[PDB]
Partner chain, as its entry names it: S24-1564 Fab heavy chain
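Shown below, as structure tokens, is a lone chain in the form deposited without the partner chain; questions about how it binds or moves come after it.
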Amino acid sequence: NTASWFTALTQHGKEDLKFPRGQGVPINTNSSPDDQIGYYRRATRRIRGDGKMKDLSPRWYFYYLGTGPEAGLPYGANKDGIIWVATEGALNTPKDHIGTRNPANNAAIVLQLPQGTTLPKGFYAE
């Protein structure tokens, strides 16, 4: 059982998450500038108040390049539910030394975006 190192973004709108070029990577003080590159993956949630199934707001979780459920996807690969982000000067190499989080040992880092970042309409952290 693995997990993102960070908490999620919640989507309230109808369109997929998308950051402008050069933003989107959560702050992690234990990472280096080389490490600042990854993807957000959508997690869908469904529940049962009597209209059978109700789709809740999707959530989007960040994973460093080369880790997570899509560890094998190269940066920029087109896949539904996957969107790519990177900071200027980050290296296009797998971040196996960071890997993913095991919740039995570490709670998620509160997701925080760098000063001046623009979240698209409808998206909120926590």
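Residue numbers count along the first chain shown, from 1. Just so we're on the same page, rigid core means the largest C-alpha set that superposes within 1.5 Å between forms.
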Please indicate which stretch deviates more in 5 other deposited structures of this protein: 106-114 or 10-18, judged by C-alpha RMS distance after a core superposition?
10-18
Fit on the core, then compare CA atoms: does 59-67 or 27-35 lie farther from this form in 5 other deposited structures of this protein?
27-35
Do the CA atoms of 95-103 or those of 54-62 have the higher mean B-factor in the entry?
54-62
Which has higher Cα B-factors on average according to the PDB entry: 65-73 or 82-90?
82-90
Splitting the chain's C-alpha B-factors into thirds, which one does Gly49 fall into?
highest
Is the Cα B-factor recorded for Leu111 in the lowest, middle or highest third of its chain?
middle
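The form solved in complex with the partner chain is left out here; the points below concern that form.
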What residues, if any, in 15-37 have a non-hydrogen atom within 4.5 angstroms of the partner chain in the deposited bound form?
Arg21, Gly22, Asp34, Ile37
